K.L.:
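I have a structure here, written as structure tokens, and I will follow up with some questions on it.
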Amino acid sequence: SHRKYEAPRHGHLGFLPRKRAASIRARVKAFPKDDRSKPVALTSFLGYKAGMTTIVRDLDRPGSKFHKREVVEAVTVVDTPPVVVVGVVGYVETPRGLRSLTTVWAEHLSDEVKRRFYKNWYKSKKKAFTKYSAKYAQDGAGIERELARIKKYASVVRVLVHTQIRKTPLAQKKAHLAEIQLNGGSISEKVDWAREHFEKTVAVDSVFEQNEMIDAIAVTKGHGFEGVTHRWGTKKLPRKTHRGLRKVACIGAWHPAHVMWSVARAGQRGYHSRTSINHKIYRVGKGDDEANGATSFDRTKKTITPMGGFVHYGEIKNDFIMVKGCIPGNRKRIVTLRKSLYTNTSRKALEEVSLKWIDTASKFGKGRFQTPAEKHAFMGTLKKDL
Amino acid sequence: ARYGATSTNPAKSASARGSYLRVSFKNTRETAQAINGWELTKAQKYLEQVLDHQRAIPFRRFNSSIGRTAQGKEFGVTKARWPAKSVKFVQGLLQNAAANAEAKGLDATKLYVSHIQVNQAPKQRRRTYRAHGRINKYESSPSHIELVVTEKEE
RNA sequence: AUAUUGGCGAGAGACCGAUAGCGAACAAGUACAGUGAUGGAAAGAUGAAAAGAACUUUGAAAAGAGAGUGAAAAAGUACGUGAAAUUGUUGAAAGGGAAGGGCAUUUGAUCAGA
RNA sequence: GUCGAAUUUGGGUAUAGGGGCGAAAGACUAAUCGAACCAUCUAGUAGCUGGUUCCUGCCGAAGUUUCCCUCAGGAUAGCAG
RNA sequence: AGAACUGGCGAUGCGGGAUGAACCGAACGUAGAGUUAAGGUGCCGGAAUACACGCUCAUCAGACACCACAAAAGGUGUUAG
RNA sequence: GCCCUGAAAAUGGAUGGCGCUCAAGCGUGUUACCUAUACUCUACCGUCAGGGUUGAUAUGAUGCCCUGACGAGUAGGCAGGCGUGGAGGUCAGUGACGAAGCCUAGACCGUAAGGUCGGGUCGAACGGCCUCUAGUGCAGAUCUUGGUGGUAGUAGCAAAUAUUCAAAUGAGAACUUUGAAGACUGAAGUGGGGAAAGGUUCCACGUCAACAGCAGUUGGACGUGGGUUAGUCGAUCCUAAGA
RNA sequence: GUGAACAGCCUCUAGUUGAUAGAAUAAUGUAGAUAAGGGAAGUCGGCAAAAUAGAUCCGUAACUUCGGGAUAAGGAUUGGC
RNA sequence: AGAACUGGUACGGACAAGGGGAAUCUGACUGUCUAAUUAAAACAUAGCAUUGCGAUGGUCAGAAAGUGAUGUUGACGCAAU
RNA sequence: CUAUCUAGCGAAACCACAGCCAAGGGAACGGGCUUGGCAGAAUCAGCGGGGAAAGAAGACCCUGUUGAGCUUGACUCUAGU
RNA sequence: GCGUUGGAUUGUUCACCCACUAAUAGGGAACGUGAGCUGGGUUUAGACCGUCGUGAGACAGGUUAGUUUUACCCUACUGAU
RNA sequence: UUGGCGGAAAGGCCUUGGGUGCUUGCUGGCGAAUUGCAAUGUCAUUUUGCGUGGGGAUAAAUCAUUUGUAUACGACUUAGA
Ligand code: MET
Ligand SMILES: [K+]
Ligand SMILES: [Mg+2]
Ligand SMILES: [Mg+2]
Ligand SMILES: [Mg+2]
Ligand SMILES: [Mg+2]
Ligand SMILES: [Mg+2]
Ligand SMILES: [Mg+2]
Ligand SMILES: [Mg+2]
Ligand SMILES: [Mg+2]
Ligand SMILES: [Mg+2]
Ligand SMILES: [Mg+2]
Ligand SMILES: [Mg+2]
Ligand SMILES: [Mg+2]
Ligand SMILES: [Mg+2]
Ligand SMILES: [Mg+2]
Ligand SMILES: [Mg+2]
Ligand SMILES: [Mg+2]
Ligand SMILES: [Mg+2]
Ligand SMILES: [Mg+2]
Ligand SMILES: [Mg+2]
Ligand SMILES: [Mg+2]
Ligand SMILES: [Mg+2]
Ligand SMILES: [Mg+2]
Ligand SMILES: [Mg+2]
Ligand SMILES: [Mg+2]
Ligand SMILES: [Mg+2]
Ligand SMILES: [Mg+2]
Ligand SMILES: [Mg+2]
Ligand SMILES: [Mg+2]
Ligand SMILES: [Mg+2]
Ligand SMILES: [Mg+2]
Ligand SMILES: [Mg+2]
Ligand SMILES: [Mg+2]
Ligand SMILES: [Mg+2]
Ligand SMILES: [Mg+2]
Ligand SMILES: [Mg+2]
Ligand SMILES: [Mg+2]
Ligand SMILES: [Mg+2]
Ligand SMILES: [Mg+2]
Ligand SMILES: [Mg+2]
Ligand SMILES: [Mg+2]
Ligand SMILES: [Mg+2]
Ligand SMILES: [Mg+2]
Ligand SMILES: [Mg+2]
Ligand SMILES: [Mg+2]
Ligand SMILES: [Mg+2]
Ligand SMILES: [Mg+2]
Ligand SMILES: [Mg+2]
Ligand SMILES: [Mg+2]
Ligand SMILES: [Mg+2]
Ligand SMILES: [Mg+2]
Ligand SMILES: [Mg+2]
Ligand SMILES: [Mg+2]
Ligand SMILES: [Mg+2]
Ligand SMILES: [Mg+2]
Ligand SMILES: [Mg+2]
Ligand SMILES: [Mg+2]
Ligand SMILES: [Mg+2]
Ligand SMILES: [Mg+2]
Ligand SMILES: [Mg+2]
Ligand SMILES: [Mg+2]
Ligand SMILES: [Mg+2]
Ligand SMILES: [Mg+2]
Ligand SMILES: [Mg+2]
Ligand SMILES: [Mg+2]
Ligand SMILES: [Mg+2]
Ligand SMILES: [Mg+2]
Ligand SMILES: [Mg+2]
Ligand SMILES: [Mg+2]
Ligand SMILES: [Mg+2]
Ligand SMILES: [Mg+2]
Ligand SMILES: [Mg+2]
Ligand SMILES: [Mg+2]
Ligand SMILES: [Mg+2]
Ligand SMILES: [Mg+2]
Ligand SMILES: [Mg+2]
Ligand SMILES: [Mg+2]
Ligand SMILES: [Mg+2]
Ligand SMILES: [Mg+2]
Ligand SMILES: [Mg+2]
Ligand SMILES: [Mg+2]
Ligand SMILES: [Mg+2]
Ligand SMILES: [Mg+2]
Ligand SMILES: [Mg+2]
């Protein structure tokens with residue numbers, strides 16, 4: 001007989017299977033459509049989620065109840081030191097999809113990216129790319145031949161870039177290497193851009209700008225094996241239930257005489273690849289710029305780092321991207337920020353946000369002071385110091 | 001004597017056996033198969049490492065619902081264990097076989113475990129008490145173990 | 001003269017041959033169970049003869065490997081033979097959600113007849 | 001729930017099976033109660049259920065008649081060897 | 001659910017109806033060859049993508065009896081009267 | 001006539017499927033072709049029937065031979081045979097120079113029940129034939145007894161707050177002993193005695209195969225011993241309900 | 001000792017330290033807890049849980065068999081020195 | 001029993017320890033039973049009423065007895081409801 | 001505290017053979033058969049759809065010329081009186 | 001494609017009313033779903049009433065109390081090697 | 001050997017120059033038998049092993065330890081001359 005009271009199904013069947021992502025770095029499965037009149041540019045960037053904070057800004061939304069008023073908003077900080085371009089990959093199109101024809105690497109690779117090709121770096125002889133670097137022996141004839149092949153072919157061009165994880169406070173020391181599509185015209189000049197940027201750094205400010213809508217692609221925080229109640233949001237069974245209540249009561253009818261794929265089951269929760277779109281960049285700040293956390297309204301010379309450091313992360317010392325709201329992935333996780341795949345014009349995008357104040361109170365507690373100088377001024381002199 | 005089927009040279013062979021040994025027959029079979037064919041010194045070192053939990057005995061037949069470990073990877077399995085009692089019995093028999101080889105005058109450096117077989121000894125029977133005044137068997141599964149090490153030759 | 005599944009003493013069998021024959025071939029109405037009346041098993045075979053393995057070696061030891069006794073240890077008191085289920089090792093072969101079978105032939109192995 | 005009296009309980013004693021005992025539930029009467037347990041009659045009877053052990057060869061059915069306290073059975077005739 | 005006559009299944013395999021107790025064909029010792037039955041001959045699949053005259057285009061076409069469904073009523077759809 | 005509307009049901013699915021559109025659809029007609037354990041011919045097996053042949057060597061007249069037809073089968077009937085324990089006779093049968101039994105993807109005979117042989121193992125009896133006899137043939141009976149699997153090294157060994165360090169002993173110590181520490185029972189005890197009951201569990205020595213669902217050097221275990229002393233404590237005596 | 005108390009809790013004498021252990025800390029469990037705002041809307045049903053609770057003082061209705069109801073209901077206070 | 005002082009207004013600080021009220025049905029109450037699914041409104045109960053019986057008797061036992069229970073009793077009793 | 005992993009120890013239920021589906025037909029709800037979909041070793045923790053899962057020769061209903069407990073001017077008797 | 005509700009009474013399916021809402025559509029899946037729960041009802045045994053029966057007892061009449069067992073196997077599914 | 005073209009899976013196509021072999025374009029000389037009257041009468045490509053010569057290169061992964069962005073266990077993700 002029928003369900004006898006309608007309810008929406010629990011969970012989204014389009015995010016199946018709820019299995020662990022095959023890699024800790026979520027793959028970018030779609031790049032922005034190529035407009036071949038614009039200059040050559042990366043379609044994405046690699047960063048490390050540092051943590052969240054809060055900002056105050058005047059809302060610009062005519063017709064809204066809070067128009068020209070002050071709104072407090074949550075923001076996520078992504079430590080984004082410049083990425084080192086170390087190679088180029090050419091992609092030809094086939095009746096069976098895109099296919100990598102050849103990859104041309106830079107002559108010199110840093111130990112950061114070399115560690116990525118090693119499970120046991122400490123006891124290896126570090127022979128990686130030693131014979132490849134010999135292709136630059138006298139004139140780089142083989143490198144030029146491969147680049148000529150990429151120009152003659154490879155309707156899609158991607159650069160291989162790696163993070164400078166040594167500039168982050170992470171203990172990993174092993175760089176993250178990824179392919180970033182080169183948008184802009186003339187595959188020939190895509191290859192020229194890649195070759196000219198071999199062994200060179202590209203900063204996040206050359207990829208992204210303020211008020212831009214971007215997408216965050218990351219593996220979510222893992223939670224291990226989870227019951228249906230929290231994995232799918234199913235109703236808790238009554239307290240009277242024998243054999244447990246954090247379950248689904250009926251996991252299927254008599255026919256089909258099988259548990260169906262659509263029924264909520266206990267299993268792995270979190271550590272899933274997610275691509276969340278339309279996150280507005282609130283700041284493109286620079287590590288070399290002190291007063292990173294300052295605004296035109298605050299003028300207090302302070303960095304983006306909260307007092308005591310970002311909890312479980314450390315201090316931001318590099319370029320950083322501050323996006324509105326929250327993004328998938330936990331602190332210290334590698335995330336990929338990609339340009340939006342469409343042109344959003346909705347007055348939520350295209351809104352020019354000007355931060356009035358960035359919170360730098362300690363996230364290790366109920367932080368009361370934005371700066372150590374402010375703590376000094378409020379508290380007065382102490383016994384130890386001050 | 002009258003061991004199981006062997007195809008090696010008895011003059012270059014040394015035997016050892018233990019009957020009615022109160023050790024899990026299944027665990028002991030896995031332990032014996034772990035060192036079947038190995039050189040004697042290599043097998044003894046491996047059994048010591050197993051006792052130390054540095055390497056594992058891969059459970060291939062009697063392995064249902066046991067558990068998974070990374071130490072089975074070197075044998076290309078996921079299910080391996082550390083049956084210390086079986087290892088102790090098997091290595092005692094290995095020491096006895098090495099002693100018999102030395103008495104026979106065989107070269108210890110050329111010795112490898114050419115035959116090792118574990119089969120079921122008669123069960124030793126105990127009783128366990130069950131709900132509603134029921135009584136069920138609580139038997140042991142002891143092992144007859146035999147092995148012979150032969151000189152490697154051509 | 002007739003009766004006689006008790007008792008005593010005898011002679012027999014187209015009877016049974018240790019799950020049979022009495023429940024009991026054996027320390028069987030025993031061990032054991034039940035408050036009790038009662039209920040009531042399982043359990044035979046080394047070898048001609050213990051000649052039941054001295055002595056050496058490994059092991060803490062049980063035992064093992066030798067040596068030896070014996071016609072035989074493929075008879076070692078867990079003992080005549082020693083099946084099947086089930087099992088270990090070795091050898092051979094096959095194996096995409098059973099396996100097994102029938103007809104026919106290929107291939108491999110193996111073999112009789114002339 | 002009750003907890004100082006129709007109280008709880010040890011030991012001794014009496015009541016024994018169509019009998020006992022029951023502030024009554026067919027409750028209890030040695031894990032047995034709308035008639036205990038034990039042995040024998042007893043291998044109780046069963047139109048009812050299950051099983052019923054070698055091969056090959058030849059022939060080869062019936063579920064229909066009548067009667068029955070008969071309707072899951074039998075006798076009778078028919079079919080078969 | 002109940003009768004009549006017959007043929008069957010039960011008790012029966014075999015070829016066909018994909019599949020099926022009963023339908024079609026045909027009843028059966030072990031084999032060889034030939035010819036067929038019913039049924040089929042694009043491929044599965046053995047056997048003519050055979051021949052010939054027409055009809056049908058379906059945004060739910062239709063495609064072999066038992067048999068696994070379809071009706072009244074309608075349509076310048078198309079065809080022939 | 002064909003096609004279309006009429007024509008709505010529940011897991012995804014059925015001209016059998018694929019697929020097919022001057023069809024591989026529908027109506028009709030003509031051929032060719034495919035193939036049943038059916039039909040025709042032949043061979044062989046058996047059955048039944050009708051016959052020939054004691055005129056001898058020529059022992060198989062229940063034999064040999066000729067001819068024709070036939071063969072489905074549950075329940076069931078009958079017939080001819082295979083096999084088992086025991087019995088009378090016979091082969092002056094086999095056998096410690098190896099009987100019986102058992103194992104044997106080794107061989108041979110029979111349509112089959114089965115029979116025979118080779119090899120291995122083994123150790124003391126056994127077989128062919130003519131008859132006699134029956135407690136004579138197993139796949140079943142939630143069959144009986146015994147044995148053994150998969151499950152499966154799985155379920156589990158999670159109540160009673162809790163153990164830790166060192167040394168000794170020992171082959172071996174999470175569990176034994178001593179010490180140190182931390183705890184608990186908290187006098188209605190996890191203390192000290194008894195009644196019923198048990199019967200040596202008491203204690204010492206030795207000692208670990210089995211038992212103590214891990215372990216064990218320890219034990220209410222195993223082996224050997226020691227131990228229970230009354231005029232006054234009881235029984236014994238009295239009577240109680242009752243016998 | 002606290003306390004009305006042979007309650008609960010801690011300790012002295014005495015006894016024990018006996019329950020297979022080691023490592024991790026997923027789901028679901030068993031046992032024990034907490035929870036913003038709402039407050040039975042849950043459910044057959046307030047099941048379960050929570051709330052109350054000792055003592056002192058005040059105050060105590062209907063009804064009544066005059067004995068009760070009654071700790072009715074409802075309030076206040078409580079340490080140390 | 002009271003007073004002063006004192007404190008993050010805490011104080012039966014752990015432990016221990018009633019939720020209450022307005023009613024309805026029902027059994028008066030205390031008590032008892034289906035050990036092992038029913039604790040109840042069921043049973044019992046005090047109270048009330050009825051019945052039989054003055055002993056060579058009422059009620060009830062026993063196979064029978066020169067046998068028994070009430071009865072070491074006597075209607076303010078015993079027995080049956 | 002489990003579950004979980006490990007050392008040691010180590011059962012039971014159940015078991016024709018087993019284990020992927022859709023439809024068909026079929027004893028009218030197949031794991032096997034037919035036609036399709038498909039289909040790659042060995043596995044771990046969970047799980048409660050299915051195995052018309054297990055537990056028990058249905059306890060309800062009917063039949064049996066099978067009972068038993070109980071009742072009554074059923075039939076036929078009987079202790080007592 | 002997408003949604004189709006919160007509640008009072010009732011075990012209830014059904015019904016009815018209050019209310020919100022875009023709407024409060026109808027159904028299937030062994031009248032989906034008990035080794036998922038629960039157990040209020042029906043439908044064991046206790047008990048009460050009414051009617052019926054001489055009685056034991058009957059009652060799609062009412063009322064109250066009344067044990068919801070097992071997955072560790074295979075597959076399916078969820079995750080994991 | 002010269003040069004060019006071919007990326008959809010190019011792994012091939014086209015072309016330059018010379019060397020050398022054959023040429024059935026035409027005309028000669030010699031040989032063939034006996035595999036016995038047929039017997040595929042062995043002529044292909046597919047992997048691997050091994051030996052002999054020549055050229056070329058001189059790592060990792062796992063376990064153990066560690067990390068917690070991970071986690072039941074595996075696995076994941078980090079670090080360590
Ligand atoms: C009818 O309900 C039958 N199942 C028996 C009922 S008595 C519990
Ligand atoms: K009865
Ligand atoms: Mg609905
Ligand atoms: Mg959420
Ligand atoms: Mg419950
Ligand atoms: Mg914080
Ligand atoms: Mg498994
Ligand atoms: Mg488990
Ligand atoms: Mg138990
Ligand atoms: Mg018991
Ligand atoms: Mg006997
Ligand atoms: Mg014997
Ligand atoms: Mg012998
Ligand atoms: Mg023997
Ligand atoms: Mg066998
Ligand atoms: Mg598989
Ligand atoms: Mg009753
Ligand atoms: Mg009989
Ligand atoms: Mg016939
Ligand atoms: Mg009559
Ligand atoms: Mg019948
Ligand atoms: Mg009918
Ligand atoms: Mg029949
Ligand atoms: Mg037929
Ligand atoms: Mg059909
Ligand atoms: Mg034929
Ligand atoms: Mg064909
Ligand atoms: Mg019409
Ligand atoms: Mg066709
Ligand atoms: Mg036609
Ligand atoms: Mg004749
Ligand atoms: Mg016949
Ligand atoms: Mg006999
Ligand atoms: Mg012999
Ligand atoms: Mg065999
Ligand atoms: Mg003899
Ligand atoms: Mg018999
Ligand atoms: Mg049998
Ligand atoms: Mg049979
Ligand atoms: Mg059986
Ligand atoms: Mg049995
Ligand atoms: Mg376990
Ligand atoms: Mg437990
Ligand atoms: Mg405990
Ligand atoms: Mg101690
Ligand atoms: Mg305590
Ligand atoms: Mg204490
Ligand atoms: Mg003692
Ligand atoms: Mg033990
Ligand atoms: Mg032990
Ligand atoms: Mg003793
Ligand atoms: Mg005295
Ligand atoms: Mg006091
Ligand atoms: Mg709350
Ligand atoms: Mg609150
Ligand atoms: Mg409130
Ligand atoms: Mg409500
Ligand atoms: Mg509700
Ligand atoms: Mg209600
Ligand atoms: Mg409550
Ligand atoms: Mg009141
Ligand atoms: Mg009050
Ligand atoms: Mg009462
Ligand atoms: Mg009282
Ligand atoms: Mg009471
Ligand atoms: Mg009860
Ligand atoms: Mg109760
Ligand atoms: Mg009453
Ligand atoms: Mg199916
Ligand atoms: Mg059907
Ligand atoms: Mg099935
Ligand atoms: Mg198929
Ligand atoms: Mg489960
Ligand atoms: Mg199921
Ligand atoms: Mg029945
Ligand atoms: Mg029954
Ligand atoms: Mg009758
Ligand atoms: Mg009767
Ligand atoms: Mg249903
Ligand atoms: Mg279910
Ligand atoms: Mg249930
Ligand atoms: Mg239900
Ligand atoms: Mg109920
Ligand atoms: Mg009832
Ligand atoms: Mg009346």
Side-chain angles (χ1 to χ4, degrees), chain A residues 1-2 5-6 8 17-20 24 92-96 101 119-120 122-125 127 149 152-153 171-174 221-222 224-227 237-261 263 265-268 271 329-333, chain B residues 2 4-7 14-20 24 26-27 29 36 54-55 62-71 73-74 77-79 81-85 92-93 95-100 102-104 115-120 122 124 126 128 130 136-141 144:
Chain A
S1 46
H2 59 277
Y5 275 128
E6 289 291 339
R18 296 276 166 95
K19 69 172 298 180
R20 284 169 213 167
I24 198 172
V92 66
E93 51 181 15
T94 316
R96 303 173 291 171
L101 187 80
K119 301 308 211 179
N120 306 272
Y122 80 111
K123 76 178 180 203
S124 78
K125 290 184 112 177
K127 296 300 289 293
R149 285 178 68 217
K152 197 177 168 189
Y153 304 116
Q172 171 161 327
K173 215 190 305 193
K174 180 194 272 198
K221 184 189 292 167
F225 211 87
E226 186 58 80
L237 300 185
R239 185 206 56 83
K240 271 204 180 193
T241 316
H242 190 225
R243 316 162 190 288
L245 47 89
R246 293 189 70 85
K247 300 171 141 173
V248 166
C250 169
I251 68 158
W254 196 317
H255 286 102
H258 301 93
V259 185
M260 289 227 308
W261 68 288
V263 172
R265 314 288 265 148
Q268 220 269 322
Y271 207 71
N330 49 333
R331 80 279 184 284
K332 306 202 267 244
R333 173 137 312 160
Chain B
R2 282 222 78 74
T6 88
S7 62
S15 299
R17 80 206 312 249
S19 299
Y20 312 98
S24 162
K26 297 185 178 193
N27 297 348
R29 186 259 167 192
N36 198 355
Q54 306 291 120
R55 295 165 75 185
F62 310 112
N63 54 8
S64 276
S65 307
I66 56 151
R68 300 193 287 210
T69 173
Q71 287 179 18
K73 261 189 290 213
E74 64 159 323
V77 307
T78 59
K79 299 198 264 179
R81 257 174 184 184
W82 304 262
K85 210 189 194 174
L93 281 194
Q95 180 186 60
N96 183 260
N100 301 325
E102 190 68 1
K104 250 207 220 191
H115 161 90
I116 183 159
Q117 121 192 357
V118 177
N119 47 23
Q120 297 174 243
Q124 314 195 243
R126 276 185 300 173
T128 187
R130 316 303 309 257
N136 288 161
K137 81 186 188 60
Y138 202 72
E139 302 172 350
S140 308
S141 316
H144 302 308

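Numbers restart at 1 for each chain; the letters A, B, ... are given by sequence-line order, proteins then strands.
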K.L.:
Among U69(K), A61(K), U89(C), which nucleotide sits nearest the side chain of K332(A)?
P.N.:
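Closest nucleotide among those given: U69(K).
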K.L.:
Side chain of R68(B) only, heavy atoms from C-beta on: which candidate in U58(K), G74(K), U89(C) is closest?
P.N.:
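So the side chain of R68(B) is nearest to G74(K).
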K.L.:
When you get a sec, tell me which of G156(F), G48(I), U90(C) is the closest nucleotide to the side chain of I251(A)?
P.N.:
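So the nucleotide nearest the side chain must be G48(I).
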K.L.:
Please determine whether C43(H) and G31(H) constitute a Watson-Crick or G-U wobble pair, defined by two donor-acceptor distances each under 3.5 Å.
P.N.:
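Verdict: paired bases.
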K.L.:
So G19(F) and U28(F), Watson-Crick or G-U wobble pair with both distances under 3.5 Å, or not?
P.N.:
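They are not paired, because the relevant distances do not both stay under 3.5 Å.
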K.L.:
Does the aromatic ring of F225(A) sit over the six-membered base ring of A26(G), closer than 5.5 Å centre to centre and tilted less than 30°?
P.N.:
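A stacking contact does not exist, since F225(A) is not both close and nearly parallel to the base ring of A26(G).
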K.L.:
Check whether the six-membered base rings of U45(K) and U46(K) have centres under 5.5 Å apart and planes under 30 degrees, and report yes or no.
P.N.:
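Yes, which means the ring centres sit under 5.5 Å apart while the planes stay under 30°.
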K.L.:
Should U9(J) and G216(F) count as paired, given that a pair must be Watson-Crick or G-U wobble and both distances must be under 3.5 Å?
P.N.:
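Taken together, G216(F) and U9(J) make no base pair (Watson-Crick or G-U wobble, both distances under 3.5 Å).
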K.L.:
Any chance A104(C) and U2(C) qualify as a Watson-Crick or G-U wobble pair, both distances under 3.5 Å?
P.N.:
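Under the 3.5 Å cut-off on both distances, the two nucleotides are not paired.
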K.L.:
Check every atom of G79(J), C77(J), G213(F) against the side chain of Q268(A) and return the nucleotide holding the closest atom.
P.N.:
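Selected nucleotide: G79(J).
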K.L.:
Rounded to whole Å, how long is the line connecting atom NZ of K240(A) with atom P of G29(G)?
P.N.:
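These atoms are roughly 18 Å apart.
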K.L.:
Picking from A59(K), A79(K), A152(F), which would you name as closest to the side chain of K174(A)?
P.N.:
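Per side-chain heavy atoms of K174(A), the pick is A79(K).
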K.L.:
Can you identify which nucleotide, out of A59(K), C9(I), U28(G), has its nearest atom closest to the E226(A) side chain?
P.N.:
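Ranking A59(K), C9(I), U28(G) by closest atom to the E226(A) side chain puts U28(G) first.
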K.L.:
Is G179(F) paired with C165(F)? Use Watson-Crick or G-U wobble and require both distances under 3.5 Å.
P.N.:
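Result yes; both H-bond distances under 3.5 Å.
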K.L.:
Would you say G36(C) pairs with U30(C) if a pair means Watson-Crick or G-U wobble with both distances under 3.5 Å?
P.N.:
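The answer is no: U30(C) does not partner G36(C).
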K.L.:
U16(G) and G186(F): how far apart are their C1' atoms, nearest whole angstrom?
P.N.:
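Looking at atom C1' only, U16(G) and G186(F) are 13 Å apart.
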K.L.:
Any chance CD of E139(B) has more than 12 other-residue heavy atoms, nucleotides or ligands included, within less than 6.0 Å?
P.N.:
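Above 12, so yes.
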K.L.:
Would you indicate, yes or no, if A9(K) has its OP1 or OP2 atom less than 4.0 angstrom from a side-chain nitrogen or oxygen of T94(A)?
P.N.:
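So the side chain of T94(A) is within the cut-off, an N or O lying under 4.0 Å from OP1 or OP2 of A9(K).
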K.L.:
Does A48(E) have a Watson-Crick or wobble mate here (both distances under 3.5 Å), and if so which one?
P.N.:
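Matched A48(E) with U31(F) under the 3.5 Å cut-off.
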K.L.:
Kindly determine whether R17(B) and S19(B) satisfy side-chain contact (heavy atoms from CB on, under 4.5 Å), including the steps that lead there.
P.N.:
CA-CA 7 Å; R17(B) 80 206 312 249; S19(B) 299; 4.1 Å; yes
K.L.:
Taking only the side-chain heavy atoms of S64(B) (C-beta and beyond), determine which of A29(J), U151(F), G213(F) contains the nearest atom.
P.N.:
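So the nucleotide nearest the side chain must be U151(F).
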K.L.:
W261(A) side chain: which of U78(J), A29(J), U69(K) is closest?
P.N.:
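Within the option list, the nearest is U78(J).
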K.L.:
For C48(F), which nucleotide in any strand shown is its Watson-Crick or wobble partner with both distances under 3.5 Å?
P.N.:
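Partner of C48(F): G68(F).
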K.L.:
Any stacking for adjacent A41(G) and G42(G) under the 5.5 Å centre, 30° plane criterion?
P.N.:
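For these two strand neighbours, the answer is no: their six-membered rings do not meet both cut-offs.
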